[PDB]
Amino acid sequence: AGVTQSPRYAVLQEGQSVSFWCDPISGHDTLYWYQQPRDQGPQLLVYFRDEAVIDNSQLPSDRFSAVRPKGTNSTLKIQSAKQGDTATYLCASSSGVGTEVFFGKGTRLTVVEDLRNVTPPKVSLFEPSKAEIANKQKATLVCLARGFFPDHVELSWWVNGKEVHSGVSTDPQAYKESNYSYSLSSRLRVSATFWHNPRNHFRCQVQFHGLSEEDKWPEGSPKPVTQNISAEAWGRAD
């Protein structure tokens, strides 16, 4: 799409390390890494030209390194993560200083006290009311996700196997039901006639970014890896 970063999400326990990986516009000269804490503004970590750090004193501490050994791909590493490192890491690229910057989508990082706390959502779909259908000739489905941790979920809607965007409304932020428990919801509005066709299939899908295969799971419970949890319903003949 332009600047591309991997991964999109990462969850670590205090003390671990993560390497963020960025890949500037196929043709580009300057590359910036930024750290942006949740409710705060972006802080420049470091920037390169071709393959050389231009300004280094930017790096907030010695837990951070960045390299761009051949002048294209860059990797920003954090060792010894602190909860303090929790933030979105933004890559950007540019042609020359001051010439309109171009920004990545970011890599979201959460560092927790204990990976044992990571847990996927339980997802529930609530059906439209008869009163809406008849009075508004529209039908609104409600998706509820809760019990997850951390806040690394993306919710989408699927109608007959094809994603839909128009008619959707999703809470912007997950809600903190507790210490290690979030909650989030979304609405899909469709037409009366559409809901009334029992060959019509509706699915709410929650993508959860959890543990990687490389994370060791001290076991017992099912390991809370990245996974899709869905709830669905079929249209009803009234």
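In case it trips you up, residue 1 is the first one in the sequence shown, and so on.
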Averaging only over Cα atoms, indicate whether 79 to 87 or 94 to 102 has the higher B-factor in the PDB entry. 94 to 102
Looking only at C-alpha temperature factors in the entry, 68 to 76 or 119 to 127, the higher average sits in 68 to 76
Which one of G210, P42, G27, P198 shows the biggest C-alpha B-factor in the PDB entry? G27
Of the options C204, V53, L184, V190, which has the highest CA B factor as deposited? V53
Would you check the entry's CA temperature factor for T110 and let me know if it's in the chain's lowest, middle or highest third? lowest
With respect to C-alpha B-factor, does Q13 fall in the lowest, middle or highest third of the chain as deposited? middle
Per the entry's values, where does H152 land by CA temperature factor relative to the rest of its chain, in the lowest, middle or highest third? lowest
Among the modelled residues of this chain, does the Cα B factor of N135 put it in the lowest, middle or highest third? highest
Lowest, middle or highest third of the chain for the C-alpha temperature factor of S221? highest
